[PDB]
Amino acid sequence: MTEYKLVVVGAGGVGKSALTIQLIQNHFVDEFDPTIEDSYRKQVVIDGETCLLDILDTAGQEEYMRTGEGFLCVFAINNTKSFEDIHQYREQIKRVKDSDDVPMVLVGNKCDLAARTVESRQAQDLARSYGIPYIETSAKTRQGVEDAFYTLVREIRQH
Ligand SMILES: Nc1nc2c(ncn2[C@@H]2O[C@H](COP(=O)(O)OP(=O)(O)NP(=O)(O)O)[C@@H](O)[C@H]2O)c(=O)[nH]1
Ligand SMILES: [Ca+2]
Ligand SMILES: [Mg+2]
């Protein structure tokens with residue numbers, strides 16, 4: 001059956017692991033270990049297609065992807081530095097993949113928190129400059145989580 005190899009990248013502590021665990025295990029982790037590299041595999045139904053999601057959860061911490069088919073580029077809406085650092089991760093992707101045309105979604109996580117320091121308009125403008133969708137998420141409330149992963153699946157489908 002069809003398998004979508006997704007890779008989740010972004011700065012440390014933005015909620016990459018929490019988002020992944022919320023999609024795959026359907027619960028929120030309040031306290032998680034920084035990642036070296038972890039992978040999750042799950043059979044799902046998306047738009048009437050039964051498929052398998054292989055998600056690679058990568059390290060955000062600097063102390064640390066090529067087979068990836070689609071990329072979730074994650075920042076946290078209450079972490080300006082993570083947003084300012086997004087261009088880096090897009091660059092490495094275009095680099096390792098050898099393409100300016102790679103399925104990718106920009107994700108603004110922790111949208112449940114009220115200490116927003118990155119405005120939606122700014123992230124939208126960035127996403128449009130890359131030619132990609134922008135989706136805001138909360139791994140805590142599950143807001144936008146399916147939207148983000150499923151949009152990525154659909155971007156891979158269109159490619
Ligand atoms: N309120 C809230 N907290 C969140 C959300 N996502 C993650 N967190 C919290 O943020 C912390 C770090 O999340 P984590 O998933 O470990 O981040 P990471 O990007 O995987 N880290 P690393 O890059 O080091 O592997 C955890 O305490 C987690 O509960 C979210 O959407 N909302
Ligand atoms: Ca595939
Ligand atoms: Mg992690």
# chains A, B, ... in the order shown; residues from 1 in each chain; ligands from 1
>>> residues_near_ligand(ligand="ligand 1", cutoff="7 Å", atoms="only C-alpha atoms and all ligand atoms", output="PyMOL selection string")
chain A and resi 10-19+28-36+58-61+109-113+137-140
>>> write_last_selection(atoms="N, CA, C and O atoms", output="tab-separated table (two decimals), in the first residue's frame")
chain	number	residue	atom	x	y	z
A	10	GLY	N	12.92	21.54	12.56
A	10	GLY	CA	12.76	22.84	13.17
A	10	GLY	C	13.65	22.95	14.40
A	10	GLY	O	14.29	21.98	14.79
A	11	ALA	N	13.67	24.14	15.00
A	11	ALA	CA	14.53	24.41	16.15
A	11	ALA	C	14.11	23.63	17.37
A	11	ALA	O	12.95	23.27	17.52
A	12	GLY	N	15.06	23.38	18.26
A	12	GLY	CA	14.76	22.65	19.48
A	12	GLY	C	13.64	23.28	20.28
A	12	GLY	O	13.55	24.50	20.39
A	13	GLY	N	12.78	22.42	20.83
A	13	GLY	CA	11.71	22.84	21.73
A	13	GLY	C	10.47	23.45	21.10
A	13	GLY	O	9.63	24.02	21.80
A	14	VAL	N	10.34	23.35	19.78
A	14	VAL	CA	9.19	23.98	19.13
A	14	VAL	C	7.94	23.11	19.19
A	14	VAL	O	6.84	23.58	18.94
A	15	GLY	N	8.12	21.83	19.52
A	15	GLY	CA	6.99	20.92	19.63
A	15	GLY	C	6.92	19.91	18.51
A	15	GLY	O	5.84	19.40	18.21
A	16	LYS	N	8.06	19.62	17.90
A	16	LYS	CA	8.14	18.63	16.84
A	16	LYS	C	7.71	17.25	17.32
A	16	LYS	O	6.91	16.58	16.67
A	17	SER	N	8.25	16.83	18.47
A	17	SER	CA	7.93	15.51	19.00
A	17	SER	C	6.50	15.45	19.51
A	17	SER	O	5.77	14.49	19.25
A	18	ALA	N	6.07	16.51	20.18
A	18	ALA	CA	4.72	16.57	20.72
A	18	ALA	C	3.67	16.49	19.60
A	18	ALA	O	2.66	15.80	19.74
A	19	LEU	N	3.91	17.21	18.51
A	19	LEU	CA	3.02	17.16	17.34
A	19	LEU	C	2.95	15.74	16.78
A	19	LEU	O	1.86	15.22	16.54
A	28	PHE	N	-1.04	14.22	24.32
A	28	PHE	CA	-0.08	15.31	24.43
A	28	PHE	C	0.94	14.99	25.52
A	28	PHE	O	0.58	14.59	26.63
A	29	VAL	N	2.22	15.16	25.21
A	29	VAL	CA	3.26	14.98	26.22
A	29	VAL	C	3.73	16.33	26.76
A	29	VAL	O	4.25	17.16	26.00
A	30	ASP	N	3.54	16.54	28.07
A	30	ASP	CA	3.89	17.81	28.71
A	30	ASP	C	5.38	17.93	28.94
A	30	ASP	O	5.92	19.03	29.08
A	31	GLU	N	6.06	16.79	29.01
A	31	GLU	CA	7.48	16.78	29.31
A	31	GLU	C	8.18	15.75	28.44
A	31	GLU	O	8.00	14.55	28.64
A	32	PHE	N	8.98	16.21	27.48
A	32	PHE	CA	9.65	15.27	26.59
A	32	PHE	C	11.16	15.47	26.50
A	32	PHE	O	11.68	16.56	26.69
A	33	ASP	N	11.86	14.38	26.21
A	33	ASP	CA	13.30	14.41	26.02
A	33	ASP	C	13.65	15.03	24.66
A	33	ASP	O	12.98	14.75	23.66
A	34	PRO	N	14.69	15.88	24.60
A	34	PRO	CA	15.16	16.33	23.29
A	34	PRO	C	15.50	15.14	22.39
A	34	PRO	O	15.97	14.12	22.88
A	35	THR	N	15.27	15.28	21.10
A	35	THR	CA	15.37	14.14	20.20
A	35	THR	C	16.75	14.02	19.60
A	35	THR	O	17.39	15.02	19.29
A	36	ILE	N	17.19	12.78	19.43
A	36	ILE	CA	18.35	12.49	18.61
A	36	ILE	C	17.80	12.21	17.22
A	36	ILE	O	18.17	12.85	16.25
A	58	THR	N	13.15	14.52	13.89
A	58	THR	CA	14.58	14.85	13.94
A	58	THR	C	14.98	15.72	15.12
A	58	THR	O	14.14	16.27	15.84
A	59	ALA	N	16.28	15.88	15.31
A	59	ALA	CA	16.80	16.76	16.36
A	59	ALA	C	16.75	18.24	15.98
A	59	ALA	O	17.15	18.64	14.88
A	60	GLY	N	16.27	19.06	16.91
A	60	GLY	CA	16.32	20.50	16.76
A	60	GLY	C	17.57	21.09	17.41
A	60	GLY	O	18.09	22.11	16.96
A	61	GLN	N	18.05	20.44	18.47
A	61	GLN	CA	19.26	20.88	19.16
A	61	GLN	C	20.48	20.75	18.24
A	61	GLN	O	20.57	19.81	17.45
A	109	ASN	N	3.44	26.30	15.70
A	109	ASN	CA	2.92	25.46	16.77
A	109	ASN	C	2.72	26.24	18.07
A	109	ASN	O	3.14	27.39	18.20
A	110	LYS	N	2.08	25.58	19.03
A	110	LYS	CA	1.76	26.15	20.33
A	110	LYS	C	0.77	27.28	20.21
A	110	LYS	O	0.84	28.27	20.95
A	111	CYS	N	-0.17	27.16	19.27
A	111	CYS	CA	-1.11	28.24	19.04
A	111	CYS	C	-2.18	28.30	20.12
A	111	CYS	O	-3.05	29.16	20.08
A	112	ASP	N	-2.11	27.38	21.08
A	112	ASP	CA	-2.94	27.44	22.27
A	112	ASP	C	-2.46	28.47	23.30
A	112	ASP	O	-3.23	28.93	24.15
A	113	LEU	N	-1.17	28.82	23.22
A	113	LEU	CA	-0.56	29.76	24.17
A	113	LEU	C	-0.79	31.23	23.80
A	113	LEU	O	-0.76	31.60	22.63
A	137	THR	N	-0.81	25.29	14.61
A	137	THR	CA	-1.16	24.06	15.33
A	137	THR	C	-0.99	24.17	16.85
A	137	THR	O	-0.28	25.04	17.35
A	138	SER	N	-1.66	23.28	17.57
A	138	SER	CA	-1.37	23.02	18.98
A	138	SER	C	-1.33	21.52	19.21
A	138	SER	O	-2.37	20.85	19.09
A	139	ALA	N	-0.16	20.99	19.53
A	139	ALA	CA	-0.04	19.58	19.91
A	139	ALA	C	-0.78	19.31	21.22
A	139	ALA	O	-1.07	18.16	21.53
A	140	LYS	N	-1.07	20.35	21.99
A	140	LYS	CA	-1.83	20.22	23.25
A	140	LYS	C	-3.33	20.07	23.03
A	140	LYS	O	-3.95	19.15	23.54
>>> residues_near_ligand(ligand="ligand 2", cutoff="7 Å", atoms="only C-alpha atoms and all ligand atoms", output="list in words")
residues 2, 3, 4, 5 and 69 of chain A
>>> closest_residue(among="A:21, A:46, A:51, A:114", to="ligand 3", atoms="only C-alpha atoms and all ligand atoms")
A:21
>>> select_by_dssp(residues="stretch 18-134 of chain A", states="helix (DSSP H, G or I)", output="ChimeraX atom specification")
/A:18-25,80-84,86-97,120-130
>>> write_last_selection(atoms="N, CA and C atoms", output="mmCIF file, in the first residue's frame")
data_model
loop_
_atom_site.group_PDB
_atom_site.id
_atom_site.type_symbol
_atom_site.label_atom_id
_atom_site.label_comp_id
_atom_site.auth_asym_id
_atom_site.auth_seq_id
_atom_site.Cartn_x
_atom_site.Cartn_y
_atom_site.Cartn_z
ATOM 1 N N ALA A 18 6.072 16.506 20.182
ATOM 2 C CA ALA A 18 4.719 16.565 20.719
ATOM 3 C C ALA A 18 3.672 16.487 19.599
ATOM 4 N N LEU A 19 3.914 17.209 18.506
ATOM 5 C CA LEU A 19 3.023 17.159 17.343
ATOM 6 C C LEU A 19 2.948 15.738 16.783
ATOM 7 N N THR A 20 4.113 15.124 16.588
ATOM 8 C CA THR A 20 4.207 13.763 16.061
ATOM 9 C C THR A 20 3.477 12.774 16.970
ATOM 10 N N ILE A 21 3.720 12.858 18.272
ATOM 11 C CA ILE A 21 3.081 11.928 19.202
ATOM 12 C C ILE A 21 1.564 12.151 19.299
ATOM 13 N N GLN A 22 1.119 13.386 19.063
ATOM 14 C CA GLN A 22 -0.307 13.710 19.096
ATOM 15 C C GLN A 22 -1.008 13.103 17.869
ATOM 16 N N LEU A 23 -0.378 13.192 16.695
ATOM 17 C CA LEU A 23 -0.938 12.552 15.500
ATOM 18 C C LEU A 23 -1.000 11.026 15.623
ATOM 19 N N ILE A 24 0.075 10.423 16.131
ATOM 20 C CA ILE A 24 0.282 8.981 16.033
ATOM 21 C C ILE A 24 -0.302 8.226 17.223
ATOM 22 N N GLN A 25 -0.215 8.831 18.404
ATOM 23 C CA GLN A 25 -0.631 8.192 19.650
ATOM 24 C C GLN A 25 -1.828 8.884 20.294
ATOM 25 N N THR A 80 10.276 33.658 18.846
ATOM 26 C CA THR A 80 10.660 34.435 17.656
ATOM 27 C C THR A 80 11.908 33.860 16.994
ATOM 28 N N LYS A 81 12.873 33.448 17.807
ATOM 29 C CA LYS A 81 14.112 32.902 17.269
ATOM 30 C C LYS A 81 13.898 31.676 16.378
ATOM 31 N N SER A 82 13.040 30.759 16.812
ATOM 32 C CA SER A 82 12.688 29.597 15.982
ATOM 33 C C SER A 82 12.117 30.018 14.632
ATOM 34 N N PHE A 83 11.322 31.085 14.608
ATOM 35 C CA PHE A 83 10.749 31.571 13.361
ATOM 36 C C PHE A 83 11.849 32.182 12.479
ATOM 37 N N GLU A 84 12.654 33.042 13.090
ATOM 38 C CA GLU A 84 13.801 33.659 12.416
ATOM 39 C C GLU A 84 14.775 32.616 11.866
ATOM 40 N N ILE A 86 13.901 29.590 10.489
ATOM 41 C CA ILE A 86 13.234 28.689 9.545
ATOM 42 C C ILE A 86 13.950 28.600 8.202
ATOM 43 N N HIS A 87 14.403 29.741 7.693
ATOM 44 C CA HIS A 87 15.091 29.776 6.403
ATOM 45 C C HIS A 87 16.233 28.761 6.349
ATOM 46 N N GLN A 88 16.904 28.566 7.482
ATOM 47 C CA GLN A 88 17.984 27.584 7.590
ATOM 48 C C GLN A 88 17.513 26.189 7.194
ATOM 49 N N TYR A 89 16.426 25.725 7.814
ATOM 50 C CA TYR A 89 15.928 24.367 7.567
ATOM 51 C C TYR A 89 15.403 24.177 6.158
ATOM 52 N N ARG A 90 14.776 25.206 5.607
ATOM 53 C CA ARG A 90 14.367 25.134 4.210
ATOM 54 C C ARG A 90 15.597 24.990 3.307
ATOM 55 N N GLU A 91 16.667 25.716 3.647
ATOM 56 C CA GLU A 91 17.916 25.690 2.881
ATOM 57 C C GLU A 91 18.558 24.312 2.868
ATOM 58 N N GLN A 92 18.688 23.693 4.039
ATOM 59 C CA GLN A 92 19.273 22.360 4.121
ATOM 60 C C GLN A 92 18.452 21.364 3.324
ATOM 61 N N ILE A 93 17.126 21.479 3.403
ATOM 62 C CA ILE A 93 16.250 20.609 2.624
ATOM 63 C C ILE A 93 16.480 20.778 1.129
ATOM 64 N N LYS A 94 16.391 22.009 0.634
ATOM 65 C CA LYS A 94 16.624 22.236 -0.790
ATOM 66 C C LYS A 94 17.994 21.687 -1.175
ATOM 67 N N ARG A 95 18.901 21.694 -0.207
ATOM 68 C CA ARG A 95 20.285 21.307 -0.427
ATOM 69 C C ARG A 95 20.419 19.797 -0.548
ATOM 70 N N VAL A 96 19.958 19.085 0.475
ATOM 71 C CA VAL A 96 20.072 17.633 0.519
ATOM 72 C C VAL A 96 19.207 16.957 -0.544
ATOM 73 N N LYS A 97 18.063 17.564 -0.859
ATOM 74 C CA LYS A 97 17.154 17.000 -1.854
ATOM 75 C C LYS A 97 17.555 17.377 -3.277
ATOM 76 N N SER A 120 0.726 35.980 12.748
ATOM 77 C CA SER A 120 0.282 35.163 11.630
ATOM 78 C C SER A 120 0.657 35.759 10.260
ATOM 79 N N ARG A 121 0.475 37.069 10.099
ATOM 80 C CA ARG A 121 0.733 37.749 8.829
ATOM 81 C C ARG A 121 2.169 37.519 8.361
ATOM 82 N N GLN A 122 3.098 37.631 9.301
ATOM 83 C CA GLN A 122 4.521 37.443 9.043
ATOM 84 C C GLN A 122 4.832 36.040 8.540
ATOM 85 N N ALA A 123 4.258 35.040 9.201
ATOM 86 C CA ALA A 123 4.490 33.646 8.826
ATOM 87 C C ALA A 123 3.867 33.334 7.472
ATOM 88 N N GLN A 124 2.686 33.894 7.235
ATOM 89 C CA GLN A 124 2.005 33.718 5.960
ATOM 90 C C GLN A 124 2.858 34.288 4.830
ATOM 91 N N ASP A 125 3.417 35.465 5.063
ATOM 92 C CA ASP A 125 4.232 36.119 4.049
ATOM 93 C C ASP A 125 5.481 35.298 3.757
ATOM 94 N N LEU A 126 6.094 34.759 4.803
ATOM 95 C CA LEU A 126 7.209 33.835 4.628
ATOM 96 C C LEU A 126 6.832 32.578 3.837
ATOM 97 N N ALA A 127 5.737 31.927 4.222
ATOM 98 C CA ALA A 127 5.301 30.704 3.545
ATOM 99 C C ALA A 127 5.030 30.956 2.068
ATOM 100 N N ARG A 128 4.410 32.091 1.758
ATOM 101 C CA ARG A 128 4.102 32.424 0.365
ATOM 102 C C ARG A 128 5.362 32.652 -0.467
ATOM 103 N N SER A 129 6.392 33.206 0.159
ATOM 104 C CA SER A 129 7.661 33.423 -0.522
ATOM 105 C C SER A 129 8.357 32.102 -0.857
ATOM 106 N N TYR A 130 8.047 31.052 -0.098
ATOM 107 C CA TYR A 130 8.584 29.720 -0.365
ATOM 108 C C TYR A 130 7.662 28.923 -1.270
#
>>> closest_residue(among="A:153, A:103, A:145, A:135", to="residue A:26", atoms="only C-alpha atoms")
A:145
>>> residues_around(residues="residue A:39", least_positions_apart="3", cutoff="10 Å", atoms="only C-alpha atoms", output="ChimeraX atom specification")
/A:6-7,20,54-58
>>> closest_residue(among="A:44, A:119, A:107, A:159", to="residue A:147", atoms="only C-alpha atoms")
A:107
>>> select_by_dssp(residues="stretch 22-102 of chain A", states="strand (DSSP E or B)", output="VMD selection string")
chain A and resid 37 to 46 49 to 58 70 to 76
>>> atom_distance(atom1="atom CA of residue A:148", atom2="atom CA of residue A:136")
7.9 Å
>>> closest_residue(among="A:150, A:74, A:43, A:156", to="ligand 3", atoms="only C-alpha atoms and all ligand atoms")
A:74
>>> closest_residue(among="A:53, A:64, A:42, A:134", to="ligand 3", atoms="only C-alpha atoms and all ligand atoms")
A:64
>>> atom_distance(atom1="atom CA of residue A:77", atom2="atom CA of residue A:108")
5.5 Å
>>> closest_residue(among="A:45, A:152, A:9, A:132", to="ligand 3", atoms="only C-alpha atoms and all ligand atoms")
A:9
>>> atom_distance(atom1="atom CA of residue A:149", atom2="atom CA of residue A:27")
15.6 Å
>>> decode(residues="stretch 50-81 of chain A", atoms="N, CA and C atoms", output="PDB file, in the first residue's frame")
ATOM      1  N   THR A  50      -6.409   4.359   2.111  1.00  0.00           N
ATOM      2  CA  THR A  50      -5.722   3.730   3.219  1.00  0.00           C
ATOM      3  C   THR A  50      -4.236   3.764   2.900  1.00  0.00           C
ATOM      4  N   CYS A  51      -3.448   4.332   3.801  1.00  0.00           N
ATOM      5  CA  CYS A  51      -2.016   4.457   3.565  1.00  0.00           C
ATOM      6  C   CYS A  51      -1.266   4.342   4.873  1.00  0.00           C
ATOM      7  N   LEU A  52       0.056   4.355   4.768  1.00  0.00           N
ATOM      8  CA  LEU A  52       0.931   4.222   5.910  1.00  0.00           C
ATOM      9  C   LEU A  52       1.737   5.509   6.070  1.00  0.00           C
ATOM     10  N   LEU A  53       1.726   6.072   7.270  1.00  0.00           N
ATOM     11  CA  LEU A  53       2.523   7.253   7.565  1.00  0.00           C
ATOM     12  C   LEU A  53       3.791   6.845   8.293  1.00  0.00           C
ATOM     13  N   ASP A  54       4.943   7.055   7.661  1.00  0.00           N
ATOM     14  CA  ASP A  54       6.238   6.895   8.315  1.00  0.00           C
ATOM     15  C   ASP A  54       6.723   8.291   8.624  1.00  0.00           C
ATOM     16  N   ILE A  55       6.813   8.638   9.898  1.00  0.00           N
ATOM     17  CA  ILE A  55       7.231   9.986  10.243  1.00  0.00           C
ATOM     18  C   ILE A  55       8.587   9.983  10.956  1.00  0.00           C
ATOM     19  N   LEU A  56       9.551  10.702  10.396  1.00  0.00           N
ATOM     20  CA  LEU A  56      10.841  10.829  11.057  1.00  0.00           C
ATOM     21  C   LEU A  56      10.889  12.121  11.853  1.00  0.00           C
ATOM     22  N   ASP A  57      11.115  11.968  13.144  1.00  0.00           N
ATOM     23  CA  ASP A  57      11.196  13.086  14.050  1.00  0.00           C
ATOM     24  C   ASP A  57      12.680  13.352  14.312  1.00  0.00           C
ATOM     25  N   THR A  58      13.150  14.522  13.888  1.00  0.00           N
ATOM     26  CA  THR A  58      14.577  14.852  13.935  1.00  0.00           C
ATOM     27  C   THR A  58      14.977  15.725  15.123  1.00  0.00           C
ATOM     28  N   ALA A  59      16.279  15.879  15.311  1.00  0.00           N
ATOM     29  CA  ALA A  59      16.797  16.756  16.362  1.00  0.00           C
ATOM     30  C   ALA A  59      16.751  18.241  15.984  1.00  0.00           C
ATOM     31  N   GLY A  60      16.272  19.061  16.912  1.00  0.00           N
ATOM     32  CA  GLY A  60      16.325  20.505  16.763  1.00  0.00           C
ATOM     33  C   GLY A  60      17.569  21.087  17.410  1.00  0.00           C
ATOM     34  N   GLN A  61      18.046  20.438  18.470  1.00  0.00           N
ATOM     35  CA  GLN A  61      19.261  20.881  19.157  1.00  0.00           C
ATOM     36  C   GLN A  61      20.475  20.746  18.244  1.00  0.00           C
ATOM     37  N   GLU A  62      21.404  21.689  18.362  1.00  0.00           N
ATOM     38  CA  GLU A  62      22.525  21.796  17.428  1.00  0.00           C
ATOM     39  C   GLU A  62      23.522  20.638  17.522  1.00  0.00           C
ATOM     40  N   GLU A  63      23.562  19.979  18.676  1.00  0.00           N
ATOM     41  CA  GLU A  63      24.486  18.869  18.892  1.00  0.00           C
ATOM     42  C   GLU A  63      24.283  17.716  17.902  1.00  0.00           C
ATOM     43  N   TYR A  64      23.454  17.944  16.884  1.00  0.00           N
ATOM     44  CA  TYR A  64      23.050  16.883  15.962  1.00  0.00           C
ATOM     45  C   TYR A  64      23.073  17.346  14.509  1.00  0.00           C
ATOM     46  N   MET A  65      17.290  11.995   6.967  1.00  0.00           N
ATOM     47  CA  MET A  65      16.418  13.019   6.408  1.00  0.00           C
ATOM     48  C   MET A  65      16.364  12.967   4.882  1.00  0.00           C
ATOM     49  N   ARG A  66      17.303  12.247   4.272  1.00  0.00           N
ATOM     50  CA  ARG A  66      17.458  12.281   2.817  1.00  0.00           C
ATOM     51  C   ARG A  66      16.368  11.494   2.103  1.00  0.00           C
ATOM     52  N   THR A  67      15.856  10.476   2.778  1.00  0.00           N
ATOM     53  CA  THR A  67      14.831   9.616   2.202  1.00  0.00           C
ATOM     54  C   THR A  67      13.433  10.227   2.346  1.00  0.00           C
ATOM     55  N   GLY A  68      13.361  11.377   3.011  1.00  0.00           N
ATOM     56  CA  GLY A  68      12.098  12.044   3.280  1.00  0.00           C
ATOM     57  C   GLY A  68      11.368  12.517   2.043  1.00  0.00           C
ATOM     58  N   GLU A  69      10.049  12.338   2.033  1.00  0.00           N
ATOM     59  CA  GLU A  69       9.225  12.675   0.873  1.00  0.00           C
ATOM     60  C   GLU A  69       8.540  14.018   1.041  1.00  0.00           C
ATOM     61  N   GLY A  70       8.283  14.376   2.292  1.00  0.00           N
ATOM     62  CA  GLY A  70       7.638  15.634   2.614  1.00  0.00           C
ATOM     63  C   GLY A  70       8.157  16.159   3.937  1.00  0.00           C
ATOM     64  N   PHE A  71       8.185  17.480   4.074  1.00  0.00           N
ATOM     65  CA  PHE A  71       8.777  18.108   5.248  1.00  0.00           C
ATOM     66  C   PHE A  71       7.839  19.049   5.974  1.00  0.00           C
ATOM     67  N   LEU A  72       7.678  18.818   7.272  1.00  0.00           N
ATOM     68  CA  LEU A  72       6.995  19.771   8.123  1.00  0.00           C
ATOM     69  C   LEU A  72       8.059  20.687   8.717  1.00  0.00           C
ATOM     70  N   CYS A  73       8.038  21.969   8.365  1.00  0.00           N
ATOM     71  CA  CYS A  73       9.004  22.925   8.917  1.00  0.00           C
ATOM     72  C   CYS A  73       8.355  23.683  10.067  1.00  0.00           C
ATOM     73  N   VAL A  74       8.787  23.370  11.281  1.00  0.00           N
ATOM     74  CA  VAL A  74       8.049  23.795  12.469  1.00  0.00           C
ATOM     75  C   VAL A  74       8.748  24.921  13.231  1.00  0.00           C
ATOM     76  N   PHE A  75       7.979  25.946  13.613  1.00  0.00           N
ATOM     77  CA  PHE A  75       8.430  26.922  14.628  1.00  0.00           C
ATOM     78  C   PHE A  75       7.333  27.061  15.682  1.00  0.00           C
ATOM     79  N   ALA A  76       7.625  27.736  16.779  1.00  0.00           N
ATOM     80  CA  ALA A  76       6.597  27.957  17.782  1.00  0.00           C
ATOM     81  C   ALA A  76       6.228  29.426  17.769  1.00  0.00           C
ATOM     82  N   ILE A  77       4.929  29.727  17.806  1.00  0.00           N
ATOM     83  CA  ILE A  77       4.439  31.113  17.729  1.00  0.00           C
ATOM     84  C   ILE A  77       4.867  32.000  18.895  1.00  0.00           C
ATOM     85  N   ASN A  78       5.395  31.391  19.955  1.00  0.00           N
ATOM     86  CA  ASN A  78       5.907  32.149  21.096  1.00  0.00           C
ATOM     87  C   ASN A  78       7.422  32.027  21.198  1.00  0.00           C
ATOM     88  N   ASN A  79       8.073  31.838  20.055  1.00  0.00           N
ATOM     89  CA  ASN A  79       9.510  31.672  19.999  1.00  0.00           C
ATOM     90  C   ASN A  79       9.990  32.367  18.740  1.00  0.00           C
ATOM     91  N   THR A  80      10.276  33.658  18.846  1.00  0.00           N
ATOM     92  CA  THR A  80      10.660  34.435  17.656  1.00  0.00           C
ATOM     93  C   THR A  80      11.908  33.860  16.994  1.00  0.00           C
ATOM     94  N   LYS A  81      12.873  33.448  17.807  1.00  0.00           N
ATOM     95  CA  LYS A  81      14.112  32.902  17.269  1.00  0.00           C
ATOM     96  C   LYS A  81      13.898  31.676  16.378  1.00  0.00           C
TER      97      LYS A  81
END
